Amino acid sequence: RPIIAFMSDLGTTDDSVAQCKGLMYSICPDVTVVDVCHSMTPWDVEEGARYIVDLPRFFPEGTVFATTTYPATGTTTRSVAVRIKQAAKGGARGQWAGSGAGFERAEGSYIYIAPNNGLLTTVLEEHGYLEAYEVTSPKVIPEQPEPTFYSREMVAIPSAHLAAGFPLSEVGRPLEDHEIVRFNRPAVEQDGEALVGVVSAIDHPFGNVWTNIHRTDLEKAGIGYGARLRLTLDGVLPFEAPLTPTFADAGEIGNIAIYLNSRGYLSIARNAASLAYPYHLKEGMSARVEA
């Protein structure tokens, strides 16, 4: 019953993803390939990271995550494959996902394979890891990889070997922690009783605005549900509401809701109306919150 959950920047407009899938079914006949998404901004490693960081607790143990934007395709770089440690706790977000009390996942139960370009930065931060290897063995990659298609050659193909039971430690040599490329995550700042961050994403298709200011940052400031907040975007577009659990708490349709999203980050929206689209709000815009 193996699963590969596949996240790329290949888009869905041509046969690129299908070539990868065909090879996945070829290598691992029993596999199920689940699309995460293929629409990320090409080469935006930070955005790709957002789409994969929270996946493990949702998937059956033993799932392989094939995650790739590969701007260094065709160079001497090689992918990294890592077995993560914890599926939740740090990335708990509530706790375990599923019905009842949720589904507890054993430690060391998920593998990610990716370009070694920092794509896995937040996965490693949130989940930790037990082992990491450079992906070099001709048992799991082509002897003559297509220079402009490493998302296929160096990620899709070896992910299928791993799903098929190829031993992780046999993909190539162990990588020391310092050899795993990471991106810098900008910290939430204090100024002086207010918290200053950024719009991390526009939540399509709804036009909700998500910031990088986390529940932990709020509860550190004595901010919880019911707190009257001022949330200023782009430095000049401000908004005022109490922090509420959900959209409908804003009352009438179109009213402003300030809430915590399902990943636990301070967010702003209109109730059953789009906030970002009419005002052309964008990721990267500053976001400041105060009580």
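Heads up, when I say rigid core I mean the largest set of C-alphas that superpose within 1.5 Å between the two forms. In case it trips you up, residue 1 is the first one in the sequence shown, and so on.
- The higher RMS C-alpha distance to the shown form in 7 other deposited structures of this protein, out of 83-91 and 142-150, belongs to 83-91, with every structure fitted on the core.
- Farther on average from this form in 7 other deposited structures of this protein lies stretch 231-239, the comparison being between 32-40 and 231-239 by RMS Cα distance after core superposition.
- Mean CA B-factor, 59-67 versus 235-243: the higher value falls on 235-243.
- Comparing the deposited coordinates for 72-80 and 85-93, the stretch with the larger average C-alpha B-factor is 85-93.
- Between the residues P186, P158, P115, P142, the entry's highest C-alpha temperature factor is the one at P186.
- Among the modelled residues of its chain, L281 has a C-alpha B-factor that falls in the highest third according to the deposited record.
- Among the modelled residues of its chain, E153 has a C-alpha B-factor that falls in the lowest third according to the deposited record.
- When the modelled residues of the chain are ordered by their C-alpha B factor, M7 lands in the lowest third.
- Annotation for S26: CA B-factor lies in the lowest third of the chain's modelled residues.
- When the modelled residues of the chain are ordered by their C-alpha B factor, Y225 lands in the highest third.
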